[PDB]
$ cat entry38.pdb   # PDB, C-alpha atoms and all ligand atoms
ATOM      1  CA  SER X   1     -10.618   3.920   4.836
ATOM      2  CA  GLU X   2      -7.298   3.063   6.538
ATOM      3  CA  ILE X   3      -4.614   1.698   4.160
ATOM      4  CA  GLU X   4      -1.495  -0.332   5.088
ATOM      5  CA  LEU X   5       1.499  -0.062   2.787
ATOM      6  CA  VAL X   6       4.927  -1.598   2.616
ATOM      7  CA  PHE X   7       7.552   0.449   0.801
ATOM      8  CA  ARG X   8      10.734  -0.890  -0.782
ATOM      9  CA  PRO X   9      13.279   0.672  -3.221
ATOM     10  CA  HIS X  10      12.415  -0.448  -6.779
ATOM     11  CA  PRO X  11      14.630  -3.584  -7.154
ATOM     12  CA  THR X  12      16.248  -2.699 -10.521
ATOM     13  CA  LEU X  13      15.773   1.107 -10.716
ATOM     14  CA  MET X  14      17.391   1.747  -7.327
ATOM     15  CA  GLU X  15      21.014   0.638  -6.653
ATOM     16  CA  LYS X  16      20.599  -2.466  -4.422
ATOM     17  CA  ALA X  17      18.652  -0.691   3.106
ATOM     18  CA  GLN X  18      15.077  -0.460   4.532
ATOM     19  CA  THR X  19      11.524  -1.853   4.228
ATOM     20  CA  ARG X  20       9.056   0.771   5.527
ATOM     21  CA  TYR X  21       5.628  -0.161   6.958
ATOM     22  CA  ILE X  22       3.075   2.631   6.955
ATOM     23  CA  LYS X  23      -0.625   2.869   7.872
ATOM     24  CA  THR X  24      -2.447   5.997   6.554
ATOM     25  CA  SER X  25      -5.752   7.314   5.209
ATOM     26  CA  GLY X  26      -7.113   6.132   1.806
ATOM     27  CA  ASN X  27      -7.606   9.852   1.218
ATOM     28  CA  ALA X  28      -3.851  10.523   1.037
ATOM     29  CA  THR X  29      -2.633  10.890  -2.579
ATOM     30  CA  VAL X  30       0.238   9.108  -4.304
ATOM     31  CA  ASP X  31       1.913  12.520  -4.641
ATOM     32  CA  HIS X  32       1.582  13.152  -0.850
ATOM     33  CA  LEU X  33       3.233   9.765  -0.383
ATOM     34  CA  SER X  34       6.143  10.569  -2.691
ATOM     35  CA  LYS X  35       6.715  13.895  -0.860
ATOM     36  CA  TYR X  36       6.598  12.113   2.515
ATOM     37  CA  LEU X  37       9.099   9.622   1.187
ATOM     38  CA  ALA X  38      11.473  12.350  -0.104
ATOM     39  CA  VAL X  39      11.511  13.842   3.440
ATOM     40  CA  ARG X  40      12.074  10.408   5.023
ATOM     41  CA  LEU X  41      14.895   9.413   2.660
ATOM     42  CA  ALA X  42      16.712  12.783   2.952
ATOM     43  CA  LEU X  43      17.169  12.167   6.673
ATOM     44  CA  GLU X  44      17.309   8.367   6.887
ATOM     45  CA  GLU X  45      19.785   7.958   4.066
ATOM     46  CA  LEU X  46      21.793  11.020   5.206
ATOM     47  CA  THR X  47      17.347  20.323  -0.393
ATOM     48  CA  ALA X  48      17.116  16.519  -0.898
ATOM     49  CA  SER X  49      13.598  16.751   0.686
ATOM     50  CA  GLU X  50      12.636  18.446  -2.592
ATOM     51  CA  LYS X  51      13.828  15.396  -4.683
ATOM     52  CA  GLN X  52      10.942  13.695  -6.560
ATOM     53  CA  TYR X  53      10.068   9.946  -6.432
ATOM     54  CA  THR X  54       7.957   7.818  -8.677
ATOM     55  CA  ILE X  55       5.767   5.236  -6.925
ATOM     56  CA  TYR X  56       5.146   1.775  -8.475
ATOM     57  CA  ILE X  57       2.808  -1.028  -7.339
ATOM     58  CA  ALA X  58       3.793  -4.709  -7.796
ATOM     59  CA  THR X  59       1.584  -6.680 -10.183
ATOM     60  CA  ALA X  60       0.540 -10.329  -9.969
ATOM     61  CA  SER X  61       2.532 -11.094 -13.151
ATOM     62  CA  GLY X  62       5.800  -9.766 -11.704
ATOM     63  CA  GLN X  63       5.689  -6.232 -13.138
ATOM     64  CA  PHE X  64       5.526  -2.740 -11.653
ATOM     65  CA  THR X  65       2.781  -0.225 -12.537
ATOM     66  CA  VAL X  66       3.631   3.425 -12.166
ATOM     67  CA  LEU X  67       0.933   5.130  -9.936
ATOM     68  CA  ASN X  68      -0.403   8.541 -11.104
ATOM     69  CA  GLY X  69       0.481  11.078  -8.387
ATOM     70  CA  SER X  70      -3.124  12.475  -8.383
ATOM     71  CA  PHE X  71      -4.734   9.101  -7.394
ATOM     72  CA  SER X  72      -5.899   8.639  -3.766
ATOM     73  CA  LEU X  73      -4.574   5.510  -2.060
ATOM     74  CA  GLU X  74      -8.181   4.243  -1.934
ATOM     75  CA  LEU X  75      -8.389   4.532  -5.714
ATOM     76  CA  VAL X  76      -4.971   2.796  -6.058
ATOM     77  CA  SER X  77      -6.315  -0.056  -3.944
ATOM     78  CA  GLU X  78      -9.537  -0.301  -6.034
ATOM     79  CA  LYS X  79      -7.691  -0.183  -9.354
ATOM     80  CA  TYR X  80      -4.602  -2.207  -8.570
ATOM     81  CA  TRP X  81      -4.802  -3.911  -5.155
ATOM     82  CA  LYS X  82      -8.133  -5.225  -3.995
ATOM     83  CA  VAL X  83      -6.679  -7.928  -1.766
ATOM     84  CA  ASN X  84      -6.481  -8.016   2.023
ATOM     85  CA  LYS X  85      -2.668  -7.370   2.341
ATOM     86  CA  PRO X  86      -0.644  -4.189   2.777
ATOM     87  CA  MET X  87      -0.054  -2.542  -0.634
ATOM     88  CA  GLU X  88       3.345  -3.509  -1.987
ATOM     89  CA  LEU X  89       4.793  -0.168  -3.135
ATOM     90  CA  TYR X  90       8.179   0.608  -4.685
ATOM     91  CA  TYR X  91       9.949   3.860  -5.269
ATOM     92  CA  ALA X  92      12.644   5.211  -7.629
TER
HETATM   93 CL    CL B   1      11.748  -7.386   3.469
END
$ encode --input "entry38.pdb" --output "structure tokens"
Amino acid sequence: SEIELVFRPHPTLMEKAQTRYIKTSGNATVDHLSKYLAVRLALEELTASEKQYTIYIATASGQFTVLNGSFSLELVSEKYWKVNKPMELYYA
């Protein structure tokens, strides 16, 4: 299962540039994603590549659910995001 994601800095937990659009496998884990992100941010906002990030998913009621790092993206999508839109993911 291919998964599209849009990543944004958590709007209150990060100090107020980019939106990042990613397509990947539903088999990738949330942890893999946070490690990928640590590598991206170390270079793109320049070890810092070792820094850890928490991943949140936007909820319909305007909240943010922390995603367990062991969950596959396919499981994330089943649990929290069934809809036909890229997953709206936030990091801090
Ligand atoms: Cl945007």
$ residues_near_ligand --input "entry38.pdb" --ligand "ligand CL 1 (chain B)" --cutoff "8 Å" --atoms "all atoms listed in the file" --output "list in words"
residues 8, 18 and 19 of chain X
$ atom_distance --input "entry38.pdb" --atom1 "atom CA of residue X:10" --atom2 "atom CA of residue X:25"
23.1 Å
$ resolve_selection --input "entry38.pdb" --expression "the PyMOL selection byres (((chain X and resi 29) around 12) and not hetatm)" --output "JSON list (two decimals) with C-alpha atoms, in the coordinates of the input"
[["chain", "number", "residue", "atom", "x", "y", "z"],
["X", 3, "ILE", "CA", -4.61, 1.70, 4.16],
["X", 24, "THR", "CA", -2.45, 6.00, 6.55],
["X", 25, "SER", "CA", -5.75, 7.31, 5.21],
["X", 26, "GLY", "CA", -7.11, 6.13, 1.81],
["X", 27, "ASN", "CA", -7.61, 9.85, 1.22],
["X", 28, "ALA", "CA", -3.85, 10.52, 1.04],
["X", 30, "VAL", "CA", 0.24, 9.11, -4.30],
["X", 31, "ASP", "CA", 1.91, 12.52, -4.64],
["X", 32, "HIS", "CA", 1.58, 13.15, -0.85],
["X", 33, "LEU", "CA", 3.23, 9.76, -0.38],
["X", 34, "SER", "CA", 6.14, 10.57, -2.69],
["X", 35, "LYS", "CA", 6.72, 13.90, -0.86],
["X", 36, "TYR", "CA", 6.60, 12.11, 2.52],
["X", 55, "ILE", "CA", 5.77, 5.24, -6.92],
["X", 67, "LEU", "CA", 0.93, 5.13, -9.94],
["X", 68, "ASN", "CA", -0.40, 8.54, -11.10],
["X", 69, "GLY", "CA", 0.48, 11.08, -8.39],
["X", 70, "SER", "CA", -3.12, 12.48, -8.38],
["X", 71, "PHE", "CA", -4.73, 9.10, -7.39],
["X", 72, "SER", "CA", -5.90, 8.64, -3.77],
["X", 73, "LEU", "CA", -4.57, 5.51, -2.06],
["X", 74, "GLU", "CA", -8.18, 4.24, -1.93],
["X", 75, "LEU", "CA", -8.39, 4.53, -5.71],
["X", 76, "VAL", "CA", -4.97, 2.80, -6.06],
["X", 77, "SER", "CA", -6.32, -0.06, -3.94]]
$ residues_around --input "entry38.pdb" --residues "residue X:41" --least-positions-apart "4" --cutoff "12 Å" --atoms "all atoms listed in the file" --output "PyMOL selection string"
chain X and resi 7-9+17-20+34-37+45-53+91-92
$ write_last_selection --input "entry38.pdb" --atoms "C-alpha atoms" --output "tab-separated table (two decimals), in the coordinates of the input"
chain	number	residue	atom	x	y	z
X	7	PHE	CA	7.55	0.45	0.80
X	8	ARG	CA	10.73	-0.89	-0.78
X	9	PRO	CA	13.28	0.67	-3.22
X	17	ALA	CA	18.65	-0.69	3.11
X	18	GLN	CA	15.08	-0.46	4.53
X	19	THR	CA	11.52	-1.85	4.23
X	20	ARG	CA	9.06	0.77	5.53
X	34	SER	CA	6.14	10.57	-2.69
X	35	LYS	CA	6.72	13.90	-0.86
X	36	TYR	CA	6.60	12.11	2.52
X	37	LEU	CA	9.10	9.62	1.19
X	45	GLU	CA	19.78	7.96	4.07
X	46	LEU	CA	21.79	11.02	5.21
X	47	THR	CA	17.35	20.32	-0.39
X	48	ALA	CA	17.12	16.52	-0.90
X	49	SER	CA	13.60	16.75	0.69
X	50	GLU	CA	12.64	18.45	-2.59
X	51	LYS	CA	13.83	15.40	-4.68
X	52	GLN	CA	10.94	13.70	-6.56
X	53	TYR	CA	10.07	9.95	-6.43
X	91	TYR	CA	9.95	3.86	-5.27
X	92	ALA	CA	12.64	5.21	-7.63
$ atom_distance --input "entry38.pdb" --atom1 "atom CA of residue X:87" --atom2 "atom CA of residue X:43"
23.8 Å
$ atom_distance --input "entry38.pdb" --atom1 "atom CA of residue X:16" --atom2 "atom CA of residue X:84"
28.4 Å
$ resolve_selection --input "entry38.pdb" --expression "the PyMOL selection byres (((chain X and resi 56) around 7) and not hetatm)" --output "VMD selection string"
chain X and resid 54 to 55 57 to 58 64 to 67 89 to 91
$ residues_near_point --input "entry38.pdb" --point "(0.6, 1.5, 8.0)" --cutoff "9 Å" --atoms "only C-alpha atoms" --output "ChimeraX atom specification"
/X:2-6,20-24,86
$ axis_aligned_box --input "entry38.pdb" --around "stretch 40-48 of chain X" --padding-each-side "6 Å" --output "AutoDock Vina command-line options"
--center_x 16.9 --center_y 14.1 --center_z 3.0 --size_x 21.7 --size_y 24.4 --size_z 19.8
$ decode --input "entry38.pdb" --residues "stretch 26-59 of chain X" --atoms "N, CA, C and O atoms" --output "PDB file, in the first residue's frame"
ATOM      1  N   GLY X  26       3.260   1.783   2.960  1.00  0.00           N
ATOM      2  CA  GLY X  26       2.460   1.634   4.199  1.00  0.00           C
ATOM      3  C   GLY X  26       3.199   0.748   5.188  1.00  0.00           C
ATOM      4  O   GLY X  26       2.857   0.691   6.353  1.00  0.00           O
ATOM      5  N   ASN X  27       4.257   0.089   4.720  1.00  0.00           N
ATOM      6  CA  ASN X  27       5.062  -0.764   5.581  1.00  0.00           C
ATOM      7  C   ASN X  27       6.109  -0.014   6.399  1.00  0.00           C
ATOM      8  O   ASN X  27       6.600  -0.551   7.401  1.00  0.00           O
ATOM      9  N   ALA X  28       6.450   1.213   5.985  1.00  0.00           N
ATOM     10  CA  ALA X  28       7.331   2.069   6.767  1.00  0.00           C
ATOM     11  C   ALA X  28       6.680   2.314   8.139  1.00  0.00           C
ATOM     12  O   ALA X  28       5.462   2.519   8.218  1.00  0.00           O
ATOM     13  N   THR X  29       7.496   2.353   9.198  1.00  0.00           N
ATOM     14  CA  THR X  29       7.007   2.682  10.537  1.00  0.00           C
ATOM     15  C   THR X  29       7.037   4.183  10.828  1.00  0.00           C
ATOM     16  O   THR X  29       7.716   4.948  10.131  1.00  0.00           O
ATOM     17  N   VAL X  30       6.271   4.595  11.836  1.00  0.00           N
ATOM     18  CA  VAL X  30       6.345   5.945  12.358  1.00  0.00           C
ATOM     19  C   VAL X  30       7.784   6.288  12.841  1.00  0.00           C
ATOM     20  O   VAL X  30       8.272   7.425  12.666  1.00  0.00           O
ATOM     21  N   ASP X  31       8.437   5.341  13.506  1.00  0.00           N
ATOM     22  CA  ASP X  31       9.809   5.567  13.913  1.00  0.00           C
ATOM     23  C   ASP X  31      10.731   5.815  12.706  1.00  0.00           C
ATOM     24  O   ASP X  31      11.566   6.726  12.762  1.00  0.00           O
ATOM     25  N   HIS X  32      10.634   4.983  11.663  1.00  0.00           N
ATOM     26  CA  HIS X  32      11.427   5.197  10.431  1.00  0.00           C
ATOM     27  C   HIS X  32      11.209   6.632   9.927  1.00  0.00           C
ATOM     28  O   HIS X  32      12.154   7.356   9.554  1.00  0.00           O
ATOM     29  N   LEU X  33       9.949   7.042   9.919  1.00  0.00           N
ATOM     30  CA  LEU X  33       9.607   8.400   9.509  1.00  0.00           C
ATOM     31  C   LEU X  33      10.261   9.487  10.391  1.00  0.00           C
ATOM     32  O   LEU X  33      10.733  10.498   9.893  1.00  0.00           O
ATOM     33  N   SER X  34      10.290   9.287  11.707  1.00  0.00           N
ATOM     34  CA  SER X  34      10.876  10.308  12.540  1.00  0.00           C
ATOM     35  C   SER X  34      12.416  10.343  12.359  1.00  0.00           C
ATOM     36  O   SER X  34      13.041  11.420  12.469  1.00  0.00           O
ATOM     37  N   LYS X  35      13.021   9.187  12.048  1.00  0.00           N
ATOM     38  CA  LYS X  35      14.467   9.176  11.786  1.00  0.00           C
ATOM     39  C   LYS X  35      14.822   9.835  10.458  1.00  0.00           C
ATOM     40  O   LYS X  35      15.804  10.608  10.367  1.00  0.00           O
ATOM     41  N   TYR X  36      14.003   9.555   9.452  1.00  0.00           N
ATOM     42  CA  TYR X  36      14.081  10.222   8.134  1.00  0.00           C
ATOM     43  C   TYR X  36      14.007  11.751   8.296  1.00  0.00           C
ATOM     44  O   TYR X  36      14.848  12.532   7.771  1.00  0.00           O
ATOM     45  N   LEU X  37      13.004  12.174   9.061  1.00  0.00           N
ATOM     46  CA  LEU X  37      12.797  13.564   9.319  1.00  0.00           C
ATOM     47  C   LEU X  37      13.985  14.236  10.056  1.00  0.00           C
ATOM     48  O   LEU X  37      14.349  15.355   9.727  1.00  0.00           O
ATOM     49  N   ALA X  38      14.566  13.554  11.048  1.00  0.00           N
ATOM     50  CA  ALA X  38      15.718  14.078  11.757  1.00  0.00           C
ATOM     51  C   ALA X  38      16.893  14.325  10.793  1.00  0.00           C
ATOM     52  O   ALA X  38      17.579  15.356  10.895  1.00  0.00           O
ATOM     53  N   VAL X  39      17.098  13.395   9.854  1.00  0.00           N
ATOM     54  CA  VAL X  39      18.130  13.558   8.807  1.00  0.00           C
ATOM     55  C   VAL X  39      17.765  14.731   7.904  1.00  0.00           C
ATOM     56  O   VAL X  39      18.612  15.604   7.629  1.00  0.00           O
ATOM     57  N   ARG X  40      16.505  14.811   7.483  1.00  0.00           N
ATOM     58  CA  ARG X  40      16.125  15.930   6.578  1.00  0.00           C
ATOM     59  C   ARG X  40      16.356  17.272   7.275  1.00  0.00           C
ATOM     60  O   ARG X  40      16.989  18.175   6.728  1.00  0.00           O
ATOM     61  N   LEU X  41      15.875  17.390   8.512  1.00  0.00           N
ATOM     62  CA  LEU X  41      15.869  18.698   9.187  1.00  0.00           C
ATOM     63  C   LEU X  41      17.296  19.136   9.539  1.00  0.00           C
ATOM     64  O   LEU X  41      17.601  20.336   9.488  1.00  0.00           O
ATOM     65  N   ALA X  42      18.162  18.184   9.885  1.00  0.00           N
ATOM     66  CA  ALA X  42      19.575  18.504  10.172  1.00  0.00           C
ATOM     67  C   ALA X  42      20.233  19.235   8.994  1.00  0.00           C
ATOM     68  O   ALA X  42      20.992  20.218   9.179  1.00  0.00           O
ATOM     69  N   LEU X  43      19.911  18.816   7.776  1.00  0.00           N
ATOM     70  CA  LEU X  43      20.528  19.451   6.618  1.00  0.00           C
ATOM     71  C   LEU X  43      19.757  20.693   6.151  1.00  0.00           C
ATOM     72  O   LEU X  43      20.364  21.729   5.875  1.00  0.00           O
ATOM     73  N   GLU X  44      18.433  20.584   6.100  1.00  0.00           N
ATOM     74  CA  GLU X  44      17.568  21.567   5.490  1.00  0.00           C
ATOM     75  C   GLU X  44      17.314  22.745   6.416  1.00  0.00           C
ATOM     76  O   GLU X  44      16.877  23.796   5.975  1.00  0.00           O
ATOM     77  N   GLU X  45      17.580  22.576   7.699  1.00  0.00           N
ATOM     78  CA  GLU X  45      17.473  23.706   8.598  1.00  0.00           C
ATOM     79  C   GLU X  45      18.850  24.033   9.159  1.00  0.00           C
ATOM     80  O   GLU X  45      18.959  24.805  10.093  1.00  0.00           O
ATOM     81  N   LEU X  46      19.901  23.468   8.539  1.00  0.00           N
ATOM     82  CA  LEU X  46      21.301  23.890   8.752  1.00  0.00           C
ATOM     83  C   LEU X  46      21.547  25.154   7.926  1.00  0.00           C
ATOM     84  O   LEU X  46      21.868  26.205   8.476  1.00  0.00           O
ATOM     85  N   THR X  47      25.635  14.473  16.572  1.00  0.00           N
ATOM     86  CA  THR X  47      24.909  14.896  15.366  1.00  0.00           C
ATOM     87  C   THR X  47      23.400  15.207  15.581  1.00  0.00           C
ATOM     88  O   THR X  47      22.692  14.538  16.371  1.00  0.00           O
ATOM     89  N   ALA X  48      22.941  16.242  14.869  1.00  0.00           N
ATOM     90  CA  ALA X  48      21.532  16.652  14.828  1.00  0.00           C
ATOM     91  C   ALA X  48      20.646  15.599  14.137  1.00  0.00           C
ATOM     92  O   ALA X  48      19.430  15.560  14.362  1.00  0.00           O
ATOM     93  N   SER X  49      21.263  14.751  13.299  1.00  0.00           N
ATOM     94  CA  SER X  49      20.576  13.639  12.604  1.00  0.00           C
ATOM     95  C   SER X  49      20.170  12.534  13.577  1.00  0.00           C
ATOM     96  O   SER X  49      19.405  11.620  13.232  1.00  0.00           O
ATOM     97  N   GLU X  50      20.730  12.615  14.784  1.00  0.00           N
ATOM     98  CA  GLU X  50      20.411  11.727  15.899  1.00  0.00           C
ATOM     99  C   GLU X  50      19.229  12.277  16.749  1.00  0.00           C
ATOM    100  O   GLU X  50      18.622  11.518  17.517  1.00  0.00           O
ATOM    101  N   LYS X  51      18.901  13.578  16.609  1.00  0.00           N
ATOM    102  CA  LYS X  51      17.797  14.200  17.366  1.00  0.00           C
ATOM    103  C   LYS X  51      16.486  13.429  17.129  1.00  0.00           C
ATOM    104  O   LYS X  51      16.226  12.969  16.014  1.00  0.00           O
ATOM    105  N   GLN X  52      15.668  13.282  18.168  1.00  0.00           N
ATOM    106  CA  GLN X  52      14.416  12.512  18.052  1.00  0.00           C
ATOM    107  C   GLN X  52      13.198  13.437  17.844  1.00  0.00           C
ATOM    108  O   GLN X  52      13.132  14.519  18.397  1.00  0.00           O
ATOM    109  N   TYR X  53      12.266  13.009  17.010  1.00  0.00           N
ATOM    110  CA  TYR X  53      10.989  13.733  16.788  1.00  0.00           C
ATOM    111  C   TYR X  53       9.814  12.867  17.079  1.00  0.00           C
ATOM    112  O   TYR X  53       9.869  11.648  16.858  1.00  0.00           O
ATOM    113  N   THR X  54       8.772  13.520  17.601  1.00  0.00           N
ATOM    114  CA  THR X  54       7.506  12.905  17.888  1.00  0.00           C
ATOM    115  C   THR X  54       6.631  13.245  16.689  1.00  0.00           C
ATOM    116  O   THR X  54       6.697  14.373  16.161  1.00  0.00           O
ATOM    117  N   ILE X  55       5.861  12.267  16.213  1.00  0.00           N
ATOM    118  CA  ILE X  55       4.944  12.501  15.093  1.00  0.00           C
ATOM    119  C   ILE X  55       3.480  12.505  15.598  1.00  0.00           C
ATOM    120  O   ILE X  55       3.082  11.631  16.365  1.00  0.00           O
ATOM    121  N   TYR X  56       2.708  13.503  15.166  1.00  0.00           N
ATOM    122  CA  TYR X  56       1.314  13.679  15.538  1.00  0.00           C
ATOM    123  C   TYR X  56       0.493  13.597  14.255  1.00  0.00           C
ATOM    124  O   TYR X  56       0.973  13.956  13.187  1.00  0.00           O
ATOM    125  N   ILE X  57      -0.752  13.159  14.361  1.00  0.00           N
ATOM    126  CA  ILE X  57      -1.702  13.226  13.235  1.00  0.00           C
ATOM    127  C   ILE X  57      -2.867  14.159  13.666  1.00  0.00           C
ATOM    128  O   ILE X  57      -3.333  14.121  14.821  1.00  0.00           O
ATOM    129  N   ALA X  58      -3.286  15.035  12.747  1.00  0.00           N
ATOM    130  CA  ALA X  58      -4.386  15.955  12.957  1.00  0.00           C
ATOM    131  C   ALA X  58      -5.664  15.131  13.133  1.00  0.00           C
ATOM    132  O   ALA X  58      -5.887  14.122  12.424  1.00  0.00           O
ATOM    133  N   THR X  59      -6.503  15.564  14.054  1.00  0.00           N
ATOM    134  CA  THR X  59      -7.835  14.953  14.208  1.00  0.00           C
ATOM    135  C   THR X  59      -8.929  15.870  13.694  1.00  0.00           C
ATOM    136  O   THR X  59      -8.733  17.093  13.553  1.00  0.00           O
TER     137      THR X  59
END
